[PDB]
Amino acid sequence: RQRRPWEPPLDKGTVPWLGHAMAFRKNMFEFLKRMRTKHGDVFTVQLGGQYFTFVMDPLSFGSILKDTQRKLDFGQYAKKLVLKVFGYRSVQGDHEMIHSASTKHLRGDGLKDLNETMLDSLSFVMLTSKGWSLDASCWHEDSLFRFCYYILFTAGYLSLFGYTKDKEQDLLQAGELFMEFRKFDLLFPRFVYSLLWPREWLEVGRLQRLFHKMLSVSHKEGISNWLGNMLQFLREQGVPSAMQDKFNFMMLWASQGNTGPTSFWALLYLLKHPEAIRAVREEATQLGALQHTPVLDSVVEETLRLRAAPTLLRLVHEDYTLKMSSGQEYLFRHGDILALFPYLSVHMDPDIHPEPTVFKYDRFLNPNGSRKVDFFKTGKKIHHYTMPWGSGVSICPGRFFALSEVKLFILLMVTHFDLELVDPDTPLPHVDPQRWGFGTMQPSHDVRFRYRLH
């Protein structure tokens, strides 16, 4: 490949036949931060098989995301990734069904009835798993991360994949899944980056087989319409049950992979900021009133802005031409992968968000407590001031549910428990760089905390 005058800078690496994969994988955020100050807001690098052109200009997102002339493409590429990662063979129309089923059952009225179930599941797990001693003034010490990610996982899983007559049994099996899930979660980045030793390549195999069996379609009662609907579609289309198993696990990964970790960060920030936790507690003291919790909404967004860091990817279907804010005209070859990293471009942009590495619980609140949606860069409007879900038809179709899960979890935690960090003086764990780009980040080290009934 050779750069043409109208294309953006192409950096092949100092060891040209090794490229930038190694530095990219070690720390993607830092890597992109260094390439930006070297080449500017647009550049091309070869990673894995493909060529990636990173667009780091916040101002160009609106143009790219809304593909006026349909030059870009998400679906085709998405197809390629789930196959290689999960081994799922897409069928004609299954995507359409996912988002069709999501809106019908993960939003509006389907969501209301589902949230009911969540609350029941979320209360059951929290009451039953907290830990007890005959002394009710007895603090219990746990690691905050594993705690939030176990509660959110078990509850979300039972709310979506169903349960049986013996409630306690289900919580037990849900907890067993969680342990295995966490092992797979820990390996996932190095699995996708193909940076694993033989023992781990086999471990990932054992976990995938195990998850296929446990969620097997050849087996409860009362599962979410969301899942019930999809599986049914698959069944009608003639998808073998063995492939249905692989779908169920992919959906498990999507629905439970980020909710827990998000809850962890959101709660940890509240513990590290007395004024923020006061703000939500006072708001919390007044069945289905998620609609009137603006302070908690701001707190969740401010958590997502600080810890959600996915990568927006688009295959260039036919040659794309983008005019930059500055004024250049760049060309993108068909077959190139146009890529956005909203975390660096938008979340940490100090001009869009001043003091960006700081947790400001009221960041998305207006002086009059209203919802704030007016953000600018160099005086210029920004519609995507936070992109923790994606955009277009790649956007997380369960985002409204995920928000219900996280808000509900917080409320119950701050409301009925006394919370304290074991080493409040030690500063917060930073992001594990291994995961940059994979949804919600996970901490570099674990935080101990203690709790008890109020």
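Numbers follow the displayed sequence, beginning with 1.
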| query | finding |
| --- | --- |
| Gap size, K220 back to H219 (deposited sequence, no coordinates) | 1 to 3 |
| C138 preceded by how many uncoordinated deposited residues after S137 | none |
| Segment of higher mean CA temperature factor, 56-64 or 22-30 | 56-64 |
| Residue stretch of maximal mean CA temperature factor, 244-252 vs 78-86 | 78-86 |
| Identity of residue with top Cα B-factor, from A308, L72, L344, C148 | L72 |
| Peak C-alpha temperature factor (PDB record), options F211, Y163, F188, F124 | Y163 |
| Assigned third (lowest, middle, highest) for the C-alpha B factor of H334 | middle |
| Chain thirds of CA B-factor: placement of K12 | lowest |
| Lowest, middle or highest third - CA B-factor, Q50 | highest |
| Chain thirds of CA B-factor: placement of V406 | lowest |
| Cα B factor band for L322 (lowest, middle or highest third within the chain) | middle |
